[PDB]
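Asks:
Residue numbers (the entry's author numbering): 19 to 70, 126 to 306, 331 to 380, 393 to 740.
1) Going straight from the alpha carbon of residue 722 to that of residue 635, what length do you get?
2) Indicate the three-state DSSP secondary structure (helix, strand or coil) for residue 275 in the structure shown.
3) Within the continuous alpha helix (DSSP H) that includes residue 581, where are the two ends?
4) For the region 553-566 against the region 44-51, are there 3 or more C-beta pairs whose distance is under 8 angstroms?
5) If we count the other Cβ atoms within 10 Å of its Cβ and call it buried at 16 or more, is residue 429 buried or exposed?
6) Which residue comes first and which comes last in the beta strand (DSSP E) that contains residue 484?
7) Could you check if residue 215 is buried or exposed, using at least 16 other CB atoms within 10 Å of its CB as the buried criterion?
8) Applying the criterion that 16 or more other CB atoms from any shown protein chain within 10 Å of the CB defines a buried residue, is residue 699 buried or exposed?
9) Along the chain, where does the beta strand (DSSP E) that runs through residue 410 open and close?
10) For residue 194 and residue 561, which I take to be in contact (beta-carbon distance under 8 angstroms), what is that distance rounded to the nearest angstrom?
11) Which residue from 629, 730, 660 and 440 puts its Cα closest to that of residue 148?
12) Pairs of beta-carbons, one from the region 466-481 and one from the region 503-515, closer than 8 angstroms: are there three or more?
13) What number of angstroms, rounded off, separates the C-alpha of residue 180 from the C-alpha of residue 191?
14) Between the alpha carbons of residue 38 and residue 564, how many angstroms are there, rounded?
15) Check residue 195 in the structure and name its three-state DSSP category.
16) Would you call residue 496 buried or exposed, if buried means 16 or more other Cβ atoms sit within 10 Å of its Cβ?
17) Compute the Euclidean distance between the alpha carbons of residue 474 and residue 612, then round it to the nearest angstrom.
18) For residue 347, which residues in the same chain have their Cβ closer than 7 angstroms to its Cβ, ignoring the five residues on either side in sequence?
19) Starting from the N-terminal side, write out each stretch of the alpha helix (DSSP H) that is 4 residues or longer and does not extend beyond the region 507-560.
20) Beta-carbon within less than 8 angstroms of residue 171's beta-carbon, same chain only, minus the 5 sequence neighbours each way: which residues are those?
21) How long is the line joining the alpha carbons of residue 716 and residue 247, rounded to whole angstroms?
22) Apart from the five residues just before and just after residue 516, which ones in its own chain have a Cβ nearer than 7 angstroms to its Cβ?
23) Since residue 50 is in the alpha helix (DSSP H), which residue starts that stretch and which ends it?
24) Alpha carbon to alpha carbon, how far is residue 657 from residue 637? Give it in angstroms, no decimals.
25) Which same chain residues end up closer than 7 angstroms to residue 566 when comparing Cβ atoms and leaving out the 5 residues on each side of it in sequence?
26) Which value, in whole angstroms, describes the spacing of the CA atoms of residue 559 and residue 702?
27) State whether the region 447-458 contacts the region 514-534, with contact taken as three or more CB pairs (one from each stretch) at a distance under 8 angstroms.
28) Label residue 189 either buried or exposed according to how many other C-beta atoms from any shown protein chain fall within 10 Å of its C-beta, with 16 as the threshold for buried.
29) Would you report the Cα separation of residue 173 and residue 197, rounded to the nearest angstrom?
30) Measure the C-alpha to C-alpha separation of residue 647 and residue 577 and round it to an integer number of angstroms.
31) Please report the distance separating the alpha-carbon of residue 586 from that of residue 493.
32) Measure how close the beta-carbons of residue 362 and residue 244 come, nearest whole angstrom, since I'm counting them as under 8 angstroms.
33) Going by C-alpha to C-alpha distance, which of 413, 342 and 178 sits closest to residue 236?
34) If you draw a straight line from the alpha carbon of residue 299 to that of residue 569, how long is it in whole angstroms?
35) Extract the residue ranges of the alpha helix (DSSP H) inside the region 640-726, only unbroken runs of 4 or more that lie entirely within it.
36) Please report how far the alpha carbon of residue 593 lies from the alpha carbon of residue 670, in whole angstroms.
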């Protein structure tokens, strides 16, 4: 009827957007780049045939037994994770395209434009429609399909925590000048059965291994330059002098490291049961040395592996560590904002100045391919920046450091591509509709019925696409061995020394980065599955390509990792978190379209309230009937 939704017969309503949302054009430019990036990997594969198109046949000519044997259980767990996500995405893609998309096409909100992409999006749905319940029901159902699927995935692993570690205790808050003997005697006195094997109070070690690592680097530099001089017949003098200064500083400090106690100690116990008794009582029993020790100010927890602990980063503790962490997070947040602004700005540079014709709509390359490529480049470079930031964070235990880097990279990535872009597009679409009354209109307010997105969600379809046919291809080119390109232009002869640079390799295939990036794209796909269902077909291709490229990378170009078990539990937590974001964004867009007074918004808010509260209490109660069922 008179759908009033940017009817082109009046003003031509430049806000419409490019026909077909510019999907096909980006489905070629990067796709051609796909059949250009793959081909290039070949040329580079010639580097492998310099003593240190067959990749296509080699990718498919592998089996599960060999990858299980060579790269261990971590790689096979990661591959099973990918396989289960691909299965879940197959189910949604069949389900969403099967049922959601024809429901979306039904109704007349953008049908007045034949080529408009919004017909497939949720924007085509009326203000009040009974079948819109499906939209706010299916998403809920998907959440179940995300719990069950990972339930089928989290029930295919073993212990990895045989002893579960109950030997030593990492205690913080001990009185600074307390000696080991006092705390030992206190431990004997406080508990009935106690045999303290060893109690070591940590000292401010930092400067010692700072200067020692500098000395070691100077030593290896001097040795390398002396070996080079011995062969070819001032680096040696400068390195020597640096070594002498570093050794002098090392002895000078070693004479004074002991005058810096941290008030933090490790205690070793003969039996595990006594450790269990001690931890419970602290989560205390007095002794003759209790008052002087300031026991009430202590913190007692399971001591991690000695190889797992950053000794040098132990000194930074208390409030100042938290302040430094917050400052680092804020600076990274600001950089995140300054990197995500250009994509939105370039995409919506056309849509400003509504008083313009449709023909002013730029080429789909300019508004929906270049912004997408820039966003993908920033998002792929983001893991490097976030990891690099972890060194300047003082996070103590390494196992905790990897977990927090994976989670932080996931959060920044999901802010880079989903949260900030979606909120920004909603903001500079509400501005547009609010600017869609002064030109030629008489209504006193926005009808709030076509306010979905400036391009009706086609931007994120282009983001998923350009992360499949370009992200995976560049992932395949991100093999340690890319440093085998610039060498070609650096000289024309001396073949021998180039391949020595190749011999470095030996990256452990940091799993958080792959997990975080996959979780980012999966979060985009699942959040926009219910409102822009055409995205799910393009997520299946992404996950299939990621699976194949990562299998090739693991079995041919990556060292075995042997990562902590907790990383995979974090990853399954993220997988469950994705449909939660989908439900939240469904609630947000239903609120914008109709508001809380609609029954659909009430339904989805009730579902979100139910899901969140039972997810929060999982960390405290857990029990059965919910996910993370590793056995």
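Even for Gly, the Cβ is constructed at its ideal location relative to N, Cα and C.
Replies: Short version:
1) 21 angstroms
2) strand
3) Run containing residue 581: 580-586, per the alpha helix (DSSP H) assignment.
4) no
5) exposed
6) Unbroken run through residue 484 is the alpha helix (DSSP H), 479-500; no beta strand (DSSP E).
7) Buried, since its Cβ has 16 or more Cβ neighbours within 10 Å.
8) buried
9) 408-411
10) 6 angstroms
11) Taking only the C-alpha atoms, the option nearest residue 148 is 660.
12) no
13) 12 angstroms
14) 10 angstroms
15) DSSP, read as helix, strand or coil, puts residue 195 in helix.
16) Label assigned to residue 496: buried.
17) 40 angstroms
18) 284, 285 and 288
19) 507-523 and 529-543
20) none
21) 47 angstroms
22) 679
23) Residue 50 -> alpha helix (DSSP H) spans 41-66.
24) 24 angstroms
25) 194, 637, 640 and 641
26) Cα atoms of residue 559 and residue 702: separation of roughly 7 angstroms, rounded to the nearest angstrom.
27) yes
28) buried
29) 12 angstroms
30) 8 angstroms
31) 15 angstroms
32) 5 angstroms
33) 413
34) 56 angstroms
35) The region 640-726 contains these whole alpha helix (DSSP H) runs: 644-661, 675-702 and 708-725.
36) 23 angstroms
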